[PDB]
Amino acid sequence: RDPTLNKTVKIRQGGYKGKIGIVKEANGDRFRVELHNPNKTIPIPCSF
Amino acid sequence: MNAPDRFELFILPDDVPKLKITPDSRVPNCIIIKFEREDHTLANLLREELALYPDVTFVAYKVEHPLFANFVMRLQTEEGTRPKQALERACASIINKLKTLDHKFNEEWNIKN
Amino acid sequence: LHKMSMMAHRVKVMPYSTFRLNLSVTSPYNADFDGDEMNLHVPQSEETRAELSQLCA
Amino acid sequence: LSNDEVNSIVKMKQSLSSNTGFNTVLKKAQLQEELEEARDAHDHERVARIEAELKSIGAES
Amino acid sequence: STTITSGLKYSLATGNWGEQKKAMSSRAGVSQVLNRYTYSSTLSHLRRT
Amino acid sequence: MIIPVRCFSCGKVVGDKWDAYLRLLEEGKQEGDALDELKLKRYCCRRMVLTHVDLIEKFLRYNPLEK
Amino acid sequence: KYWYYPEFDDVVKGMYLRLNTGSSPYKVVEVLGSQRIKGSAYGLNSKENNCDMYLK
Amino acid sequence: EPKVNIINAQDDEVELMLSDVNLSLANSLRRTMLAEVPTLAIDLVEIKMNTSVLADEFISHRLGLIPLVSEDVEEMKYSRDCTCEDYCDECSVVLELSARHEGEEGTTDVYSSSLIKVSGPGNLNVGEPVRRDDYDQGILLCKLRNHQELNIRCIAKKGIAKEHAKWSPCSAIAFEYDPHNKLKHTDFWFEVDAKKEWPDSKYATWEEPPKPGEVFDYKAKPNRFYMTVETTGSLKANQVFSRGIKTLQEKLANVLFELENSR
Amino acid sequence: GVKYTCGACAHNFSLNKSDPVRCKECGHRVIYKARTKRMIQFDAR
Amino acid sequence: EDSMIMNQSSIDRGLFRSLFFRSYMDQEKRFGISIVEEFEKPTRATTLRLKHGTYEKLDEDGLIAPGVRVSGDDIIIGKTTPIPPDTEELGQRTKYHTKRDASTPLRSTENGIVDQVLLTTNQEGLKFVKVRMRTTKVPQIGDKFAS
RNA sequence: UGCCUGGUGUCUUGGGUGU
Ligand SMILES: [Mg+2]
Ligand SMILES: [Zn+2]
Ligand SMILES: [Zn+2]
Ligand SMILES: [Zn+2]
């Protein structure tokens, strides 16, 4: 049941490398992660 | 909230070509060039370099909107010359000018160091 | 105040959070950009879209 | 702990309390209130003692 | 002791200058929330008629 | 609140000149002469040091919330 | 954390704990009781940790 | 054909005169130096403890604006172009700050000299905060009183001033041409006489004033440009000029490659 | 289980959701929660 | 038409940047002799009609902790009110709803960092909390300025 | 195989914003 929901995550690739966030939506292969650094939420693939 | 990311001014998406060329059929031997993720820095340089070539009869550019980082350039040469060759000659000539400028500045700086 | 205060425009999606107008239409709306706000209403049918594009444009 | 036990512990530590800026300010305010009460009662003897105590406690930096 | 206390507190809290059960026909807006947006706004609010 | 790191208009670093500015003013130098001695030529930079109000000295007077 | 409890007097009674002899070989002592001593406030852990409880 | 003549030279500013170049080339060079020369600046702040009176993001914004030495930033890679998971030593520089006030009286100032470089690229002269001298304390970051502590870990990345103004190496580039207005590129507002109501340019002595009987020359173009480049200390003035030229060359070469590969 | 800080003497302690809301040593009625242990990161912009 | 152009680089360097604070209040109400509200992290099992936000940022006592980034509709105060139980005691293994959610969500359009959480008692001796949220507002297209 | 939630007072009053 999407075990990574509401868990702290870090981005390792792309334009947001090394930013801490929290996973909000876990439909599939496209995770919505809110960023702690600015006040916004972005989509991101699971591999990232 | 709706503010775009600042890196979108210069970071090119994979599906977006850096340089799209389409002919302008209203007048002979004319092309329209669309530069992506560029601004007045490259555009004005290219325009004022090309304006001095005897075989270039029309050159202009415009930035449609300040909130989007791209510009479109219109070039139109004589019958003998293909416009893309003129654009390449302009790029190479400006590169040589910058190279000799750098060399001379280095010489002067070493002299006055 | 008058019927030129409601007119139908064509949408263009843009960044940032403000409605943007060509400055020639600021006269019929009696609007300037010192803090004014304006209302946008979306038609929800083909008939209503045709009415807006053919009458209030 | 209960409320009464908390009050007892607080009173015990207040007895142990050598000094604390918040508590010193509270004590000085209470002394000023007592001094105005004595002034309104025209008690020229108590007011002298309260003034001496206030002078001793004060002189902050 | 509740009479005076509640009357004063109600009139100062709501701004209706009168008894609670006579809220209508009473002068309203006498008491207002202090404006603390900036120092000048507070100073202006404290000297308003 | 505290002296800005960079001048807003141009971007010169003025955040390292607050202490020197106060030292110069202490010695009796005038404000214009003090700003000139720090090599602040453009008036865009001069307004940054000239019109700065130091509020952190008032926030620091409150007792810290932790210990 | 617990010396000011009213029951702490009986709690500490009979307990075995490591003690600094000072005169240092740590040794164990048996609590025969406790006695509050007024005017003997001492730093317990920090400067603010004033304590009047004493262990016999 | 182009010529360069240096008037004054320093570590932080150079005043030079360009000649035999188009106005567009000089302006493009000025724009490139202002907003397209890569430098190194703090881009992520991890706040492990902050009990000061300043907000966390207040201090983060202040830290981002501190100039760092960016001499060897060419060897460094962009964060988005590094295949390493998380950040490695080849695409980031880690600095750490730890400040505390001891005693129950006085105020402690936190300066940029307290920023200590922990990790970075091997043997590359990057990351150290810029200091005017060996005894310069640097930029004032914060102030502390008793029992207030600041403990942070900052990561510096490579970027350009287009993305954020903190990566700009230059402060203000003075730019000027035609002091005597022989080209009539500007029309002078006046009340009585335009000649005595307008201050002379600082380079007015470098060009001969027009003769009283001289006619207007419609064949002339701006030919000599006077420009002063001031830096924030992250890069020397000569480095800024040379790297602006190199960046412009790289941009033009990229355009040329795109054209040649289009066919 | 969760730390707290007094509003006057800045003394750290803890509560068990059943103690009265009070500082153990000075009896103040106003207490504050302590900062989270999670990582806090900012973009420095 | 009364607009103005602002320098983006000056905005980047801190021109006209400001700080925004908003506080939320909540308290435990007393409805009877032994009907009280409780500050707690409600569970999907023992409570009914929960808010659509997320409760994962709450601590054990039902209050968020300072330093935590919050977004719109997140729950910053967890409160439940008792409800008379139904006949679910028939065959439910203690998993029957006895409490109703009365939590306080963050405003939908706002987000920021939890700055300071205050816990105390009201005049009546019940619990009483105040949560202050902090965010930074940078000038952008549409912000109003004046001389 | 352990499996995901949309449901938000009312009435007064005050202070504001654009014409
Ligand atoms: Mg208006
Ligand atoms: Zn300046
Ligand atoms: Zn890397
Ligand atoms: Zn306390």
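Cut-offs and rules
- Residues numbered from 1 in each chain as written, not as in the entry; some residues may be left out.
- Chains lettered and ligands numbered in written order.
- Part of a larger assembly, values for the part shown.
- Heavy atoms only, no water.
- Salt bridge = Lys/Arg side-chain N within 4 Å of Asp/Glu carboxyl O.
- Helix = DSSP H or I, 4+ residues; strand = E, 2+ residues; numbered from the N terminus.
- Buried < 20%, exposed > 50% of the residue type's maximum accessible area, 1.4 Å probe, protein only.
- Pairing = 2+ DSSP bridges.
- Near = heavy atom within 4 Å.
- Polar contact = N/O pair within 3.5 Å; in protein donor to acceptor, adjacent residues only side chain to side chain.
- Nonpolar A, V, L, I, M, F, W, Y, C, P; charged D, E, K, R; others polar.
- Core = buried A, V, L, I, M, F, W, Y, C linked by side-chain atoms within 4.5 Å.
- Contact = heavy atoms within 4.5 Å.
- Donors = N, O, S within 2.8 Å, 3.2 Å for Na, K, Ca; no water.

The deposited coordinates, according to the entry record, derive from cryo-EM at 3.1 Å resolution.

*Asks:* For this particular structure, what's the right way to read the pattern of salt bridges?
*Replies:* Within the structure shown, the criterion is met by 59 salt bridges over all chains. We note a salt bridge from H:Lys162 to H:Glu36, for which the minimum N-O separation is 3.5 Å. Taken together, the positions of H:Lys162 in the loop between β10 (149–159) and β11 (170–177) and H:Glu36 in the loop between α1 (23–35) and β3 (39–50) put the pair 126 residues apart, joining distant regions of the chain. Of the residues examined, H:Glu36 reaches a relative accessible area of 12% and is grouped as buried. H:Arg243 is the salt-bridge partner of H:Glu74, the closest N and O atoms lying 2.8 Å from each other. Of this pair, H:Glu74 sits in the loop between β4 (68–70) and β5 (93–100) while H:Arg243 sits in helix α3 (residues 237–262), and the two are 169 residues apart along the sequence. A relative accessible area of 42% means that H:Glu74 is categorised as partly exposed. A network of salt bridges, in which partner residues are shared, links B:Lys18, B:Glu38, B:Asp39, H:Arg31, H:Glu36, H:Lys162 and H:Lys251.

*Asks:* Honestly, the pairing of strand β10 (residues 127–137) of chain J in this entry has me stumped. Any pointers?
*Replies:* It is a general feature of regular strands that their side chains alternate between the two faces of the sheet. All names here are of chain J. Bridge count for strand β1 (residues 18–27) against β10 is ten bridges, and the pairing is antiparallel. Each residue of the ladder has a partner; that of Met-25, found in β10, is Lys-130. As paired elements, strand β9 (residues 112–121) and β10 share eight bridges and run antiparallel to each other. The residue bridging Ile-113 from the neighbouring strand is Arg-134, located in β10. Hairpin connection of β9 to β10: five residues between the antiparallel strands, including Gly-125 at a positive phi of 85°.

*Asks:* Is there a simple way to explain the protein's contact with RNA strand K in this structure?
*Replies:* Every one of the 15 residues lining RNA strand K counts as a neighbour, but A:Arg1, C:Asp34, C:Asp36, J:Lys51 and J:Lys144 are closest to it. Backbone atoms, meaning sugar and phosphate, make up 49% of the atoms of RNA strand K lying within 4 Å of the protein. Take J:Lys51: an N or O atom from its side chain is 2.8 Å from a base oxygen of RNA strand K. Between RNA strand K and J:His52 there is a distance of 3.0 Å, counted from a base oxygen to a backbone nitrogen or oxygen. Here the residues of the surface near RNA strand K sort into two nonpolar, five polar and eight charged.

*Asks:* Please clarify how the nonpolar core should be interpreted in this entry.
*Replies:* The biggest cluster of nonpolar side chains holds 51 residues, and the ones touching the most others in it are B:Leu46, B:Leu50, H:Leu16, H:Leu18, H:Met33 and H:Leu252. Tallying contributions element by element places helix α2 (residues 83–112) of chain B first for this core, with ten residues. Not counting chain neighbours up to four residues away, the residues in contact with H:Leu252 comprise B:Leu42, B:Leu45, B:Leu46, B:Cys91, B:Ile94, B:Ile95 and B:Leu98. In this structure, H:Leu54, H:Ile59, H:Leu124 and H:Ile139 belong to the second largest nonpolar core, which totals 38 residues.

*Asks:* Would you explain the coordination of the zinc ion (ligand 2) in this entry?
*Replies:* Metal coordination angles in their ideal form are 109.5 degrees for the four-donor tetrahedron and 90 or 180 degrees for the six-donor octahedron. All names here are of chain F. Every protein donor of the zinc ion (ligand 2) is accounted for by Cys-7 (SG), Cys-10 (SG), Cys-44 (SG) and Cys-45 (SG), and the metal-donor separations fall at 2.3 Å. Motif for the zinc ion (ligand 2), donor spacing along one chain: C-x2-C-x33-C-C. Taking relative accessible area as the criterion, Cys-7 reaches 0% and is therefore assigned buried.

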